[PDB]
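Structure file protein25.txt (compact mmCIF, C-alpha atoms and all ligand atoms) is printed below.
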# COMPACT_ATOMS: atom_id res chain seq x y z
CA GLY T 1 -6.18 26.72 5.61
CA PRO T 2 -3.52 26.66 8.38
CA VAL T 3 0.14 26.97 7.51
CA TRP T 4 3.35 26.95 9.55
CA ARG T 5 4.26 30.50 10.46
CA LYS T 6 7.98 29.82 10.85
CA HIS T 7 10.69 28.58 8.55
CA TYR T 8 12.55 26.07 10.67
CA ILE T 9 10.39 22.96 11.07
CA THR T 10 11.33 19.83 13.00
CA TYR T 11 10.34 16.26 12.55
CA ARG T 12 10.85 13.14 14.56
CA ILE T 13 10.50 9.49 13.56
CA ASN T 14 8.48 8.12 16.43
CA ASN T 15 9.07 4.49 15.51
CA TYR T 16 10.31 2.55 12.50
CA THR T 17 8.51 0.10 10.30
CA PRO T 18 10.10 -3.39 10.33
CA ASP T 19 9.42 -3.47 6.59
CA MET T 20 12.55 -1.50 5.81
CA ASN T 21 16.13 -0.92 6.85
CA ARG T 22 16.35 1.91 9.36
CA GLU T 23 18.69 3.98 7.22
CA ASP T 24 16.25 3.64 4.31
CA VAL T 25 13.36 4.97 6.43
CA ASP T 26 15.49 7.89 7.47
CA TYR T 27 16.53 8.56 3.87
CA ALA T 28 13.07 8.27 2.35
CA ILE T 29 11.64 10.66 4.92
CA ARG T 30 14.50 13.08 4.57
CA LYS T 31 14.24 13.10 0.77
CA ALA T 32 10.47 13.62 0.95
CA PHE T 33 10.95 16.71 3.15
CA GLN T 34 13.59 17.94 0.71
CA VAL T 35 11.05 17.83 -2.13
CA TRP T 36 9.16 20.57 -0.32
CA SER T 37 12.11 22.55 1.04
CA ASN T 38 13.28 22.69 -2.57
CA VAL T 39 10.33 24.94 -3.53
CA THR T 40 9.65 26.84 -0.34
CA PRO T 41 11.62 28.76 2.32
CA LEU T 42 11.07 25.89 4.71
CA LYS T 43 13.98 24.03 6.37
CA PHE T 44 13.43 20.62 7.97
CA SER T 45 15.55 18.99 10.68
CA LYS T 46 15.21 15.57 12.18
CA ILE T 47 15.29 15.55 15.96
CA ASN T 48 15.78 12.52 18.14
CA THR T 49 14.03 13.62 21.40
CA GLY T 50 11.53 16.17 22.43
CA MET T 51 8.47 17.59 20.72
CA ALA T 52 8.85 17.94 16.99
CA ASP T 53 6.46 19.83 14.79
CA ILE T 54 5.88 16.80 12.59
CA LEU T 55 5.77 13.46 14.32
CA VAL T 56 6.18 10.53 11.88
CA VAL T 57 4.46 7.41 13.10
CA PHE T 58 3.94 3.88 11.79
CA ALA T 59 0.88 2.34 13.29
CA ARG T 60 -1.93 -0.05 12.52
CA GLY T 61 -5.66 -0.11 13.17
CA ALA T 62 -6.83 2.24 15.90
CA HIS T 63 -3.84 4.31 17.01
CA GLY T 64 -5.19 7.09 19.17
CA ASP T 65 -6.36 9.81 16.76
CA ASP T 66 -9.92 8.69 15.87
CA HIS T 67 -8.85 7.97 12.28
CA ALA T 68 -8.22 4.25 12.47
CA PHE T 69 -6.31 2.47 9.76
CA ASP T 70 -7.93 -0.35 7.81
CA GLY T 71 -5.51 -3.20 7.30
CA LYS T 72 -3.58 -3.90 4.11
CA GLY T 73 -4.70 -1.76 1.15
CA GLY T 74 -7.25 0.92 1.29
CA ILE T 75 -5.90 3.86 3.28
CA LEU T 76 -2.09 3.92 3.16
CA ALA T 77 -1.35 6.91 5.38
CA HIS T 78 -2.76 10.21 6.57
CA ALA T 79 -1.46 13.46 7.95
CA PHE T 80 -2.76 16.44 9.87
CA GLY T 81 -2.52 20.03 8.68
CA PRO T 82 -0.37 22.57 10.47
CA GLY T 83 -1.17 23.13 14.09
CA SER T 84 -0.07 22.34 17.59
CA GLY T 85 -0.04 18.83 19.03
CA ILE T 86 -1.24 16.32 16.47
CA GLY T 87 -1.20 19.01 13.84
CA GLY T 88 1.42 18.35 11.20
CA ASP T 89 1.83 14.71 12.22
CA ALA T 90 2.12 12.03 9.54
CA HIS T 91 1.00 8.46 10.14
CA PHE T 92 1.75 5.49 7.92
CA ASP T 93 -0.32 2.34 8.04
CA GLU T 94 1.90 -0.49 9.25
CA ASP T 95 -0.37 -2.98 7.57
CA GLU T 96 1.09 -1.80 4.29
CA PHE T 97 4.48 -3.10 3.18
CA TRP T 98 6.70 -0.08 2.84
CA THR T 99 9.66 -0.15 0.45
CA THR T 100 12.39 1.84 -1.22
CA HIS T 101 11.26 0.66 -4.64
CA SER T 102 8.22 -0.28 -6.78
CA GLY T 103 7.28 -3.26 -4.68
CA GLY T 104 4.86 -2.85 -1.84
CA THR T 105 4.00 0.81 -1.19
CA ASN T 106 6.86 3.26 -1.77
CA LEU T 107 7.50 5.17 1.45
CA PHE T 108 9.25 8.13 -0.19
CA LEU T 109 6.39 8.83 -2.60
CA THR T 110 3.78 8.36 0.10
CA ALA T 111 5.68 10.63 2.45
CA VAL T 112 5.97 13.38 -0.17
CA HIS T 113 2.22 13.35 -0.43
CA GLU T 114 1.60 13.17 3.36
CA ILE T 115 4.11 15.91 4.10
CA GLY T 116 2.25 18.07 1.62
CA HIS T 117 -0.73 17.69 3.93
CA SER T 118 1.48 18.34 6.96
CA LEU T 119 2.39 21.65 5.30
CA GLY T 120 -1.30 22.54 4.62
CA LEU T 121 -1.91 21.30 1.06
CA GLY T 122 -5.16 19.62 0.09
CA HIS T 123 -5.72 17.34 -2.83
CA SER T 124 -5.22 18.10 -6.50
CA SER T 125 -7.53 16.90 -9.24
CA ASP T 126 -4.54 16.44 -11.59
CA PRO T 127 -3.35 12.81 -11.90
CA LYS T 128 0.22 14.06 -12.50
CA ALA T 129 0.34 15.82 -9.10
CA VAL T 130 1.87 14.21 -6.11
CA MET T 131 -1.15 15.60 -4.20
CA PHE T 132 -3.54 13.59 -6.38
CA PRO T 133 -5.59 11.44 -4.07
CA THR T 134 -4.46 8.12 -5.64
CA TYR T 135 -1.21 6.34 -5.12
CA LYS T 136 0.72 5.29 -8.23
CA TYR T 137 4.39 4.38 -8.37
CA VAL T 138 6.65 6.52 -10.47
CA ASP T 139 10.43 6.16 -10.64
CA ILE T 140 11.58 7.73 -7.43
CA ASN T 141 15.05 8.54 -8.67
CA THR T 142 13.66 10.98 -11.25
CA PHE T 143 10.65 12.14 -9.26
CA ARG T 144 9.49 15.75 -9.84
CA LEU T 145 6.57 17.72 -8.39
CA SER T 146 3.91 18.69 -10.90
CA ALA T 147 3.23 22.30 -11.86
CA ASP T 148 -0.02 21.99 -9.90
CA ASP T 149 1.83 20.92 -6.72
CA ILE T 150 4.29 23.76 -7.07
CA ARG T 151 1.46 26.27 -7.55
CA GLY T 152 -0.27 24.84 -4.46
CA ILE T 153 2.73 24.97 -2.13
CA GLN T 154 3.79 28.40 -3.37
CA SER T 155 0.23 29.66 -2.67
CA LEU T 156 0.98 28.76 0.98
CA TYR T 157 4.70 29.57 1.33
CA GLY T 158 7.21 31.68 -0.50
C1 LIG Y 1 2.81 9.74 -6.25
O1 LIG Y 1 1.95 10.57 -5.46
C2 LIG Y 1 1.10 10.09 -4.50
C3 LIG Y 1 -0.26 10.29 -4.65
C4 LIG Y 1 -1.13 9.88 -3.65
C5 LIG Y 1 -0.68 9.27 -2.50
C6 LIG Y 1 -1.66 8.79 -1.54
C7 LIG Y 1 -1.44 8.72 -0.18
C8 LIG Y 1 -2.40 8.25 0.64
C9 LIG Y 1 -3.60 7.79 0.17
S1 LIG Y 1 -4.70 7.13 1.08
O2 LIG Y 1 -4.23 6.84 2.42
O3 LIG Y 1 -5.04 5.93 0.41
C10 LIG Y 1 -6.01 8.09 1.15
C11 LIG Y 1 -7.07 7.65 0.33
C12 LIG Y 1 -8.18 8.42 0.34
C13 LIG Y 1 -8.29 9.60 1.09
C14 LIG Y 1 -7.25 9.99 1.88
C15 LIG Y 1 -6.12 9.23 1.91
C16 LIG Y 1 -4.98 9.81 2.76
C17 LIG Y 1 -4.32 10.95 2.02
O4 LIG Y 1 -4.71 11.21 0.84
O5 LIG Y 1 -3.36 11.57 2.54
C18 LIG Y 1 -3.86 7.81 -1.14
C19 LIG Y 1 -2.90 8.32 -2.03
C20 LIG Y 1 0.70 9.05 -2.34
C21 LIG Y 1 1.58 9.46 -3.36
CA CA Y 2 -4.44 0.35 4.90
CA CA Y 3 2.64 17.97 15.58
CA CA Y 4 4.28 -3.23 7.39
ZN ZN Y 5 -3.41 8.56 12.56
ZN ZN Y 6 -3.89 12.92 0.69
Could you show the structure in this file as structure tokens?
Ligand SMILES: COc1ccc(-c2ccc(S(=O)(=O)c3ccccc3CC(=O)O)cc2)cc1
Ligand SMILES: [Ca+2]
Ligand SMILES: [Ca+2]
Ligand SMILES: [Ca+2]
Ligand SMILES: [Zn+2]
Ligand SMILES: [Zn+2]
Amino acid sequence: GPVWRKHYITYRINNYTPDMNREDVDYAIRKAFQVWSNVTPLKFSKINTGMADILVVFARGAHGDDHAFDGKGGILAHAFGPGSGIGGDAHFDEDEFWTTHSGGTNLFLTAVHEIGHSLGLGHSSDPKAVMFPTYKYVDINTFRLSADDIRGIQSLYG
């Protein structure tokens, strides 16, 4: 599938969930990108204006991309594979309650998974992979990609 054909990738936080402190949104997203820069040649930079490669959006219900969100539960987030325009973008359902911890839905863990899609990864059948289709909290301070995730991302980059 499509992959970014450049090493410097930009993101922008379009808007911020009221569920969290701003600095904690910034940090969770930054750390999630770092999970992937750690195992690829990719470098990620947050920009504050202009067109980023990866636009990060919190939105609810129908939000302009034909993939409406569904209220609390169910779909938590989705992201588009590499490409121009909407490609790469990562959208988080505002009807979830995003957090820095095990309460609500953990934004960092969700973003690691979504960014994997923004980089071109699909889903893994391994429950230990971050790219497994199902959300489950794991301690975020000791989080590590599975061997399956590493094999997937290194099949695309590096
Ligand atoms: C700890 O690793 C994680 C594993 C999975 C996810 C995760 C993120 C999103 C979703 S989801 O929005 O409910 C979803 C459910 C079914 C199909 C597609 C999605 C979106 C998606 O997988 O990106 C489901 C799971 C998030 C983190
Ligand atoms: Ca939802
Ligand atoms: Ca984009
Ligand atoms: Ca919310
Ligand atoms: Zn969307
Ligand atoms: Zn997914």
Exercise. Which residues sit within 7 Å of ligand LIG 1 (chain Y), counting all atoms listed in the file, listed as a list in words?
Worked result: residues 74, 75, 76, 77, 78, 79, 109, 110, 112, 113, 114, 117, 129, 130, 131, 132, 133, 134, 135, 136, 137 and 138 of chain T
For this session: Could you give me, as a list in words, the residues within 12 Å of segment 20-26 of chain T, counting only C-alpha atoms and dropping anything in the same chain fewer than 6 positions from it?
Result: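 The residues that qualify are residues 11, 12, 13, 14, 32, 33, 45, 46, 47, 48, 56, 57, 58, 92, 94, 96, 97, 98, 99, 100, 101, 103, 104, 105, 106, 107, 108, 110 and 111 of chain T.
Inspection of the environment of ligand ZN 5 (chain Y), which uses all atoms listed in the file and a cut-off of 9 Å, identifies the neighbouring residues as residues 57, 58, 59, 60, 61, 62, 63, 64, 65, 66, 67, 68, 69, 77, 78, 79, 80, 86, 89, 90, 91, 92 and 93 of chain T.
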Could you write out the selected residues, including C-alpha atoms, as an mmCIF file, in the frame of the given file?
data_model
loop_
_atom_site.group_PDB
_atom_site.id
_atom_site.type_symbol
_atom_site.label_atom_id
_atom_site.label_comp_id
_atom_site.auth_asym_id
_atom_site.auth_seq_id
_atom_site.Cartn_x
_atom_site.Cartn_y
_atom_site.Cartn_z
ATOM 1 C CA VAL T 57 4.460 7.410 13.100
ATOM 2 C CA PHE T 58 3.940 3.880 11.790
ATOM 3 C CA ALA T 59 0.880 2.340 13.290
ATOM 4 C CA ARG T 60 -1.930 -0.050 12.520
ATOM 5 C CA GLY T 61 -5.660 -0.110 13.170
ATOM 6 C CA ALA T 62 -6.830 2.240 15.900
ATOM 7 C CA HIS T 63 -3.840 4.310 17.010
ATOM 8 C CA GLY T 64 -5.190 7.090 19.170
ATOM 9 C CA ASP T 65 -6.360 9.810 16.760
ATOM 10 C CA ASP T 66 -9.920 8.690 15.870
ATOM 11 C CA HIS T 67 -8.850 7.970 12.280
ATOM 12 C CA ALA T 68 -8.220 4.250 12.470
ATOM 13 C CA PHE T 69 -6.310 2.470 9.760
ATOM 14 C CA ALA T 77 -1.350 6.910 5.380
ATOM 15 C CA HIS T 78 -2.760 10.210 6.570
ATOM 16 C CA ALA T 79 -1.460 13.460 7.950
ATOM 17 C CA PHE T 80 -2.760 16.440 9.870
ATOM 18 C CA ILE T 86 -1.240 16.320 16.470
ATOM 19 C CA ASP T 89 1.830 14.710 12.220
ATOM 20 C CA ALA T 90 2.120 12.030 9.540
ATOM 21 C CA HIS T 91 1.000 8.460 10.140
ATOM 22 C CA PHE T 92 1.750 5.490 7.920
ATOM 23 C CA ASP T 93 -0.320 2.340 8.040
#
Exercise. Between T:123, T:151, T:144, T:72, which is the closest to ligand CA 4 (chain Y) once you count only C-alpha atoms and all ligand atoms?
Worked result: T:72
For this session: Go ahead and compute the interatomic distance for atom CA of residue 19 of chain T and atom CA of residue 43 of chain T, in Å to one decimal.
Result: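 Separation between atom CA of residue 19 of chain T and atom CA of residue 43 of chain T: 27.9 Å.
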Exercise. Looking at T:49, T:70, T:55, T:34, which one is nearest to ligand CA 2 (chain Y), with distances taken over all atoms listed in the file?
Worked result: T:70
Exercise. Which residue, T:18, T:50, T:141, T:119, has the smallest gap to ligand CA 4 (chain Y) when you use only C-alpha atoms and all ligand atoms?
Worked result: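 Selected residue with least distance to ligand CA 4 (chain Y): T:18.
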For this session: Please identify every polymer residue within 7 Å of ligand CA 3 (chain Y), using only C-alpha atoms and all ligand atoms, and present the set as a PyMOL selection string.
Result: chain T and resi 52-55+83-89
For this session: Name the residues in contact with residue 3 of chain T at a cut-off of 9 Å, using only C-alpha atoms, excluding same-chain residues fewer than 6 positions from it; report them as a list in words.
Result: residues 81, 82, 83, 118, 119, 120, 121, 156 and 157 of chain T
Exercise. Taking (10.6, 20.9, -7.8) in the file's coordinates, which residues come within 9 Å, counting only C-alpha atoms, written as a PyMOL selection string?
Worked result: chain T and resi 35-36+38-39+143-147+149-150
Problem set entry | Straight-line distance linking atom CA of residue 40 of chain T with atom CA of residue 153 of chain T, stated in Å to one decimal |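 Taking atom CA of residue 40 of chain T and atom CA of residue 153 of chain T, their separation equals 7.4 Å.
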Exercise. With distances taken over only C-alpha atoms and all ligand atoms, which of T:41, T:128, T:16, T:116 is nearest to ligand CA 4 (chain Y)?
Worked result: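 Of T:41, T:128, T:16, T:116, the one nearest ligand CA 4 (chain Y) is T:16, counting only C-alpha atoms and all ligand atoms.
Atom CA of residue 10 of chain T lies 5.5 Å from atom CA of residue 44 of chain T.
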With the input short on atoms, add N, CA, C and O atoms back to segment 7-31 of chain T and write it as a CSV table (one decimal), in the coordinates of the input.
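Output below, filename out07.csv:
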chain,number,residue,atom,x,y,z
T,7,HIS,N,10.0,29.2,9.6
T,7,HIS,CA,10.7,28.6,8.6
T,7,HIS,C,11.4,27.3,8.9
T,7,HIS,O,11.7,26.5,8.1
T,8,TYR,N,11.8,27.3,10.2
T,8,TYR,CA,12.6,26.1,10.7
T,8,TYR,C,11.5,25.1,11.3
T,8,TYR,O,10.9,25.4,12.3
T,9,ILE,N,11.4,23.9,10.6
T,9,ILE,CA,10.4,23.0,11.1
T,9,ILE,C,11.2,21.7,11.4
T,9,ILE,O,12.1,21.3,10.8
T,10,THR,N,10.7,21.1,12.5
T,10,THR,CA,11.3,19.8,13.0
T,10,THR,C,10.4,18.7,12.8
T,10,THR,O,9.2,18.8,12.8
T,11,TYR,N,11.0,17.5,12.5
T,11,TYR,CA,10.3,16.3,12.6
T,11,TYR,C,11.0,15.2,13.4
T,11,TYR,O,12.2,15.3,13.7
T,12,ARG,N,10.3,14.2,13.8
T,12,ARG,CA,10.8,13.1,14.6
T,12,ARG,C,10.2,11.9,14.0
T,12,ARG,O,9.1,11.8,13.7
T,13,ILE,N,11.0,10.8,13.9
T,13,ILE,CA,10.5,9.5,13.6
T,13,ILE,C,10.2,8.8,14.9
T,13,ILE,O,11.1,8.4,15.6
T,14,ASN,N,8.9,8.7,15.2
T,14,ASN,CA,8.5,8.1,16.4
T,14,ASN,C,8.9,6.7,16.6
T,14,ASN,O,9.3,6.2,17.7
T,15,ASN,N,8.8,5.9,15.5
T,15,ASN,CA,9.1,4.5,15.5
T,15,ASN,C,9.3,4.1,14.1
T,15,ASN,O,9.0,4.8,13.2
T,16,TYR,N,9.9,2.9,13.8
T,16,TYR,CA,10.3,2.6,12.5
T,16,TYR,C,9.6,1.3,12.1
T,16,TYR,O,9.5,0.3,12.8
T,17,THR,N,9.1,1.3,10.8
T,17,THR,CA,8.5,0.1,10.3
T,17,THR,C,9.6,-1.0,10.2
T,17,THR,O,10.7,-0.7,9.8
T,18,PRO,N,9.2,-2.2,10.5
T,18,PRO,CA,10.1,-3.4,10.3
T,18,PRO,C,10.2,-3.8,8.9
T,18,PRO,O,11.0,-4.7,8.5
T,19,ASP,N,9.4,-3.2,8.0
T,19,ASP,CA,9.4,-3.5,6.6
T,19,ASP,C,10.7,-3.1,5.9
T,19,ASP,O,10.9,-3.5,4.8
T,20,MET,N,11.4,-2.1,6.5
T,20,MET,CA,12.6,-1.5,5.8
T,20,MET,C,13.8,-1.4,6.7
T,20,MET,O,13.7,-1.5,7.9
T,21,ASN,N,14.9,-1.3,6.1
T,21,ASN,CA,16.1,-0.9,6.8
T,21,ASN,C,15.9,0.4,7.5
T,21,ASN,O,15.3,1.4,6.9
T,22,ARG,N,16.5,0.6,8.7
T,22,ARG,CA,16.4,1.9,9.4
T,22,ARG,C,16.9,3.0,8.5
T,22,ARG,O,16.2,4.1,8.3
T,23,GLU,N,18.1,2.9,8.0
T,23,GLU,CA,18.7,4.0,7.2
T,23,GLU,C,17.8,4.4,6.0
T,23,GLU,O,17.8,5.5,5.6
T,24,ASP,N,17.1,3.4,5.5
T,24,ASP,CA,16.2,3.6,4.3
T,24,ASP,C,15.0,4.4,4.7
T,24,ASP,O,14.5,5.2,4.0
T,25,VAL,N,14.5,4.2,5.9
T,25,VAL,CA,13.4,5.0,6.4
T,25,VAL,C,13.8,6.4,6.6
T,25,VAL,O,13.2,7.3,6.1
T,26,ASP,N,15.0,6.6,7.3
T,26,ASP,CA,15.5,7.9,7.5
T,26,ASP,C,15.6,8.6,6.2
T,26,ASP,O,15.3,9.8,6.0
T,27,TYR,N,16.2,7.9,5.2
T,27,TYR,CA,16.5,8.6,3.9
T,27,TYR,C,15.3,8.9,3.1
T,27,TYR,O,15.2,10.0,2.5
T,28,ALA,N,14.3,8.0,3.1
T,28,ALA,CA,13.1,8.3,2.4
T,28,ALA,C,12.4,9.5,3.0
T,28,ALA,O,11.8,10.3,2.2
T,29,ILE,N,12.3,9.5,4.3
T,29,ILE,CA,11.6,10.7,4.9
T,29,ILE,C,12.4,12.0,4.7
T,29,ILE,O,11.8,13.0,4.4
T,30,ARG,N,13.7,11.9,4.8
T,30,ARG,CA,14.5,13.1,4.6
T,30,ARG,C,14.3,13.6,3.1
T,30,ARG,O,14.1,14.8,2.9
T,31,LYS,N,14.4,12.7,2.1
T,31,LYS,CA,14.2,13.1,0.8
T,31,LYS,C,12.8,13.7,0.5
T,31,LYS,O,12.7,14.6,-0.3
